[PDB]
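A.B. asks: From the sequence below, what's the structure:
(chains A, B, C and D, ligands or ions: 7)
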Amino acid sequence: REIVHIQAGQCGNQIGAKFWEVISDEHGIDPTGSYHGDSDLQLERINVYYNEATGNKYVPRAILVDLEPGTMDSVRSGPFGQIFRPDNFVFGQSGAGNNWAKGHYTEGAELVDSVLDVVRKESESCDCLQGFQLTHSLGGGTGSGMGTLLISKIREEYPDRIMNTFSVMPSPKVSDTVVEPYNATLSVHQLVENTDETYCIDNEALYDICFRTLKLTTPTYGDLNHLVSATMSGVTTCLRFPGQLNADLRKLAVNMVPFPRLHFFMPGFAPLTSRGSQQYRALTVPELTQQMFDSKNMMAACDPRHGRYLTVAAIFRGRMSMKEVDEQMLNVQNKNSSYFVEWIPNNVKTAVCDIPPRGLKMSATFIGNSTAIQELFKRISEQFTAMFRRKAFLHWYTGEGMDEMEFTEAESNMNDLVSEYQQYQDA
Amino acid sequence: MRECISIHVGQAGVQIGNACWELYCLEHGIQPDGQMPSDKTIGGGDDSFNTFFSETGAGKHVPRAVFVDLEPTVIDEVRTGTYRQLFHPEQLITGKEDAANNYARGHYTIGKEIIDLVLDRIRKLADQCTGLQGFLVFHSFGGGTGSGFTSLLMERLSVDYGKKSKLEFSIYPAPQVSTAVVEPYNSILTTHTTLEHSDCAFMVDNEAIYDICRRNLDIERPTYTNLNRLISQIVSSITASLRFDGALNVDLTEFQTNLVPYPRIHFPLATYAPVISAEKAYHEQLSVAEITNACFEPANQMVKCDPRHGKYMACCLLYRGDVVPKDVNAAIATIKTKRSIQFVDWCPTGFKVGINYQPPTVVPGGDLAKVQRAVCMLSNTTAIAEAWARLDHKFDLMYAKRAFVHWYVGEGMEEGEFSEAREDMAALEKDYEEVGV
Amino acid sequence: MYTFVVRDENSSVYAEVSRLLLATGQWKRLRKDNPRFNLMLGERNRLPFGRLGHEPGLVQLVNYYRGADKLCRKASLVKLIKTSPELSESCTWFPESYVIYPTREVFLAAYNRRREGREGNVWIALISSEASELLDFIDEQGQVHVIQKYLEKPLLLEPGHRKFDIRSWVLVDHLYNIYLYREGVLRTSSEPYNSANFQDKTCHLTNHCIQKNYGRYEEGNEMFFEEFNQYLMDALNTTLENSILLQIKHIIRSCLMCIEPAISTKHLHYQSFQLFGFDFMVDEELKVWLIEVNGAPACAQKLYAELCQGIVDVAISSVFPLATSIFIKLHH
Amino acid sequence: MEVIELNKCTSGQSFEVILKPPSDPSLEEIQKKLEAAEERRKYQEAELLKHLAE
Ligand SMILES: Nc1nc2c(ncn2[C@@H]2O[C@H](COP(=O)(O)OP(=O)(O)OP(=O)(O)O)[C@@H](O)[C@H]2O)c(=O)[nH]1
Ligand SMILES: Nc1ncnc2c1ncn2[C@@H]1O[C@H](COP(=O)(O)OP(=O)(O)CP(=O)(O)O)[C@@H](O)[C@H]1O
Ligand SMILES: COc1cc(C(=O)c2c[nH]c(-c3c[nH]c4ccccc34)n2)cc2c1OC=CO2
Ligand SMILES: Nc1nc2c(ncn2[C@@H]2O[C@H](COP(=O)(O)OP(=O)(O)O)[C@@H](O)[C@H]2O)c(=O)[nH]1
Ligand SMILES: [Ca+2]
Ligand SMILES: [Mg+2]
Ligand SMILES: [Mg+2]
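C.D. replies: Numbering: from 1, shown residues only, chains lettered A, B, ... in the order given. Ligands and ions are numbered 1, 2, ... in the order given. Sharing the structure here:
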């Protein structure tokens, strides 16, 4: 059950690069592509993300995409850059200019088919293809505009596979351009229709965690991406390692998504850690459980207590008492049963993995389908109208052929998304 | 002699089948390579164990079994396991993609593409049978394959083998070992579709087995292997009369005769005692009266329910070990005074007893201790409908919002089959009430 | 924190039981159909006992005993006493009773016995002296009815020549301990009893509700145990303990010990307690008779505080602990 | 308590004790429903591909 990885744009390639760094280290694959690992648990499900090359070398099933050569050259220069398959670098030269229209309709349109060719060559090699995961942001042009254009084309060719995305939402606390609410609103409209599961990695949450909890006075993208890679490793453990659940992307959608449009998850991690510095006290299973459900550990700036949980998935990594994990997880639901919908019985699932991530003896990753995620969409929606009611900065988009009416339709579709999440918060 | 074909569907059915066939082999003296030194009729025979095993010219004894899972991981361990020589490769059928916990995907989408192949491998076993009795179908309620494909297969078998009995060993969903949030949907869907095609069904509620493992086997978190070795013990007790010489329950038809007076109410409750741990260094061996009494303790039942607030329609005691009828009648006499055992007015208040002198067999390195005597009671009591109420309520909570229903419609199913399946369930619960009041 | 849910809003008793529990700060009330409760204060009819005891990690308790209806329904009560060897046909504290459905099993044979000596032949359902008067009154309704010997010579308090009934409140906990509330109540008829006119059934029926004279000799036609003990002393030279309460403790013990094997939750996956109200009648020879067992009982206003608090300590906090006794344990 | 129909053998015995006396669809039909579903599937997929075509 192979997964095909796609990272698009500056943000997609940067967090995408760290993901392959992180999980390569967990599976004991070095930059040369060779396995130098202790446990056979590291190789049992290694084919989910890696192609096995002659000489018994491992190649990530990854496609590196961008409309500009800058960041992709950075990836190749980087520590694990040589692990990638050189033919899977698909890039243009013009750049998207933080413009969704450029990524979706004009500059990206020229490059889309070449990417699909590399995607296709990786799919035909797959014994049984689960689907795809895309890393990108929604505030730029390439990851936002071209990524969603890629997602639409992949669904056309693989209508019966899972589409998974790691989508970085924009925040003024960490913003490159005023037009990010436009890029995000246009992308969400697409994600609502063409993705089965998308993890909402909110840059606002990453900032606040770095500023408040990690006491980082001035946080870089590397400090944010340290959180993102920790989350991406955690929400991938059930796929990469053997377990009782025998987890895959389709079963995750079945259990997490009661209604097809409500497929935007609140990720969470515990314990929160700043790069480099390692603390020496392992947590207690009770500590993991409360931090992971704590609003301060959520990677999307939403208040779980302003909503209700439709479904929850928790994964514990480390050597610990599964009996204690059971009790503790059971304790939090019974303690706070008001924040879980009553009409989906047994909507919290817990999995365990023996191997912990680098640097921690025990950790917990949290995946939540909370109706509180509407707060995220409300925030982006408010930033959008503030400019849109004055038509400000629209000329960057209309110059590439877009129409005002497309913005109105995207604005409206997202507002419906918020109404629908509200519907089940009162149900 | 009349052959019985076992069909193991899905992970739960396959892994539970492994436990059973491993236990059948130890009980009959069949080693993992298929040889049975005790069998002096080489290459064939019409002995009681030949109901479940066929013989080759080379003297190997092969299970009259087919294993079918829509995914290869589980049946592949059967291909490389300790009993890999036991099964012919055509007995194990696999696909590449499972049903994703989706009844509709197992029944309609993926099931439609593998049904003809399975029926043909089933036909290959049926062609070795001088007088085929029927089928024993092992599956789960909660799995997409175990629910969706099983009902598909149950319908076809009624078509192709209309004169042969079909018995079920169904695993009823429990959150302590749950694998999907839609398991209530799959249970109701497959029960509704299978109900008329099953002659008798033994439900094992994972909650009950799990707790029995924790309480009586002192296991903090029981594994599937822990549950399955205990389950195979119960299954072996139920099937022993088919594989051993006896006067009671010698054909699948006898199960319907003795346990099922009305066709739809065909879910007998199974209670098993004693479950004693191998780790206990000092054990006191329980008497015939102590183990018979334990059969009326809800903690020893495969489903948790209160038989005191229901009515019996049949009741069998299947003893294994040092038991003689005098002790059984004495235990029944004292128990009848102290217990709330009410029968329906149109059935006699009586027990049908079977005794096999060979005491229960245990797998070496298992968690179950060896006992001098044991019993499995099979009683058809309306109290089992408590399980239907629990399951139907959860179905009602989700279906009220049509949560997850889109996954089913997306495989070609119609919303109407949900309400139709739940109407049948509502009727089932009412039929149990009429009998039980 | 423990959790509980309420599913009977007309429970005066457990209305209090919620308030006292929330006030402990250690109990939180979920909504009706939240399955993840520790305690269920459940409905009166069709309570879903089959659903209790299947929530992993949750010890569930409930304030009703499944199967206790057998004792708390007049039709079943008579069938229970007749058919249980523990009680037997030769039962000396339950008036003659026969169940007659509307469309005479052996009821005729008993009424004809009384024409042999013209003994008192007053029955009840309602009160009549001719069988035809009563029998033609149960078919006029359409449901099951039971007729029982009317205690023609009951005990009357003077001044007033008045009729009463004693209601005792009994609590049975998850251990099947039987707790008898030390405070009882006499529901008194303010009307002077007289056997000439049954159909003026206001001095004959002692229901607090039916006495729509309300408050003459005692408030709310309710006399408490201290008052009734003093009277018995001053009037009859005896006590409530010796002349009455022994027999009540005997009946309460006998009725609940009879049905224990059928309702006990000792080895069950959920647990039961239940408050009962036993209603007794005392004849002129200081003999106590059992009239009805009430599975859904209502307390007297003066005692809600004390009893509902005893319910928490004995039946609830015994299973969900927190950070002399008002009951009398009837031993078995 | 009457014991009845006691049968014995080297493997064991069996008997009955009485405390008290009393007081399918065709193959083509399966083929229709199976194929009706696959069509409802193809219809919904075609609608998807038409919408993508727009
Ligand atoms: N007792 C017992 N229960 C099992 C076992 N395996 C799975 N289950 C239960 O079966 C239910 C899920 O059914 P599965 O057998 O896993 O489903 P499946 O037939 O493989 O179907 P799909 O995987 O969805 O295609 C859950 O309730 C599990 O608890 C087992 O080996 N023993
Ligand atoms: N055999 C009998 N002889 C004389 N009086 C009797 C009697 N049985 C009952 N009574 C009296 O008449 C009334 C009979 O009605 P009944 O006992 O059914 O009312 P009730 O008990 O249903 C009200 P609640 O349920 O609230 O206690 C009793 O209150 C009692 O005072
Ligand atoms: C738990 O975490 C994961 C599970 C699965 C999975 O396949 C899978 C299979 N049954 C379930 C499941 C059953 N009842 C639930 C109630 C709520 C949520 C999930 C479930 N979930 C897959 C994952 C995963 O976490 C990260 C990546 O993929
Ligand atoms: N968390 C995180 N966010 C990023 C990173 N790089 C860019 N972003 C965000 O992505 C948006 C800009 O998108 P970008 O990927 O650079 O544009 P693109 O290359 O045209 O797709 C802004 O909201 C940035 O805050 C990164 O490395 N980490
Ligand atoms: Ca032979
Ligand atoms: Mg940028
Ligand atoms: Mg499977």
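
A.B. asks: rest of the way, CA atoms for contacts and neighbours
C.D. replies: Fine.

A.B. asks: Residue 29: neighbouring residues, count only.
C.D. replies: Because you didn't say which chain, this covers chain A. Residue A:29 sits with 23 neighbouring residues when counted by other CA atoms under 10 Å in any protein chain shown.

A.B. asks: my question was about chain C
C.D. replies: Counted with other CA under 10 Å, the neighbours of residue C:29 add up to 18.

A.B. asks: Test my guess that it contacts residue C:17.
C.D. replies: No. Between residue C:29 and residue C:17 there is no contact under CA atoms under 8 Å: 11.5 Å.

A.B. asks: Look up how far chain B lies from residue C:113.
C.D. replies: Applying CA to the nearest CA, to the nearest Å, the value for residue C:113 to chain B is 33 Å.

A.B. asks: Relative to ligand 1, which residue of the stretch 101-250 of chain B is the closest?
C.D. replies: For the stretch 101-250 of chain B and ligand 1, the shortest gap (CA to the nearest ligand atom) falls at residue B:143, measuring 2.9 Å.

A.B. asks: Contacts only, for that residue.
C.D. replies: Residues near residue B:143 by CA atoms under 8 Å, 6 or more residues apart in numbering or on different chains: B:10, B:99, B:101-103, B:179-180, B:183, B:186.

A.B. asks: So in chain B, which helix runs the longest?
C.D. replies: Looking across chain B with DSSP state H, the single longest helix is helix B:415-436.

A.B. asks: export it as PDB, just CAs?
C.D. replies: Extracted C-alpha coordinates of helix B:415-436, given in PDB (Å, rounded to 0.1, in the frame of the first residue of the first chain):
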ATOM      1  CA  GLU B 415     -29.700   4.900   1.800                       C
ATOM      2  CA  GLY B 416     -32.900   2.800   1.700                       C
ATOM      3  CA  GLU B 417     -31.000  -0.400   2.600                       C
ATOM      4  CA  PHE B 418     -30.000   1.200   5.900                       C
ATOM      5  CA  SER B 419     -33.600   1.800   7.100                       C
ATOM      6  CA  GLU B 420     -34.700  -1.500   5.600                       C
ATOM      7  CA  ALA B 421     -31.900  -3.300   7.500                       C
ATOM      8  CA  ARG B 422     -32.900  -1.400  10.700                       C
ATOM      9  CA  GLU B 423     -36.600  -2.200  10.300                       C
ATOM     10  CA  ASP B 424     -35.700  -5.900  10.200                       C
ATOM     11  CA  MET B 425     -33.700  -5.400  13.400                       C
ATOM     12  CA  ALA B 426     -36.700  -3.600  15.000                       C
ATOM     13  CA  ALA B 427     -38.900  -6.600  14.000                       C
ATOM     14  CA  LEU B 428     -36.300  -9.000  15.500                       C
ATOM     15  CA  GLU B 429     -36.300  -7.100  18.800                       C
ATOM     16  CA  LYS B 430     -40.100  -7.300  18.900                       C
ATOM     17  CA  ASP B 431     -40.200 -11.100  18.100                       C
ATOM     18  CA  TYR B 432     -37.900 -11.600  21.100                       C
ATOM     19  CA  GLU B 433     -40.200  -9.600  23.300                       C
ATOM     20  CA  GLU B 434     -43.300 -11.600  22.400                       C
ATOM     21  CA  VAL B 435     -41.600 -14.800  23.300                       C
ATOM     22  CA  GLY B 436     -40.000 -13.400  26.400                       C
END
